[PDB]
Amino acid sequence: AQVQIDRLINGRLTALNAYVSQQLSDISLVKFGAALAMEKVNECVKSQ
Amino acid sequence: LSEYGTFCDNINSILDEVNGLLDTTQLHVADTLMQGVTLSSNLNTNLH
């Protein structure tokens, strides 16, 4: 049962590593989107 | 490999999304180059 469960663990742990890499990459784009939004608030809304 | 099917679906989906971002970016660059560009119909760069 350990032999079959270890295959499930390696598959599910590999799936979590892939997901965590994806989420790290996506949040970097969200941070740059937020920086652009803050720049537009300051330079288009509060001032011209 | 069919027992690992979600890995290939994710790899294909991520590269398709990445390539969609490259396409969207190229359109935004081309739009930026063309924005406000007005030319005379009389313009002939062989003579001008």
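Derivation of every value follows stated rules applied to the coordinates shown; laboratory data play no part. So basically every Cβ, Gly included, is an ideal-geometry build from the backbone, and we count neighbours across all protein chains shown.
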**OP:** Mind listing just one residue for me: the one in chain A that is away from chain B (no Cβ under 14 Å) and of a type in the set (G, A, S) and, of those, surrounded by the fewest Cβ atoms within 10 Å (Cβ to Cβ)?
**Re:** A:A1
Original post:
Is there any pair with a first residue in segment A:1-27 that is within 14 Å of B:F7 (Cα to Cα) and a second that is among the aromatic types (F, W, Y) and in a helix (DSSP H, G or I) whose Cβ atoms are under 8 Å apart and which are 6 or more apart or on different chains, and what are they?
Top reply: A:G11/B:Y4; A:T14/B:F7; A:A15/B:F7; A:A18/B:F7
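Conditions (1) free of Cβ contacts under 8 Å to residues at least 24 places away in the same chain; (2) closer than 19 Å to A:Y19 by Cα; (3) within 17 Å of the chain's Cα centre (by Cα); (4) more than 14 Å from chain A (Cβ to nearest Cβ), marked per residue:
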{"residue": "B:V18", "(1), (2), (3), (4)": "yes, yes, yes, no"}
{"residue": "B:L27", "(1), (2), (3), (4)": "yes, no, yes, yes"}
{"residue": "B:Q35", "(1), (2), (3), (4)": "yes, no, yes, yes"}
{"residue": "B:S41", "(1), (2), (3), (4)": "yes, no, no, yes"}
{"residue": "B:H48", "(1), (2), (3), (4)": "yes, no, no, yes"}
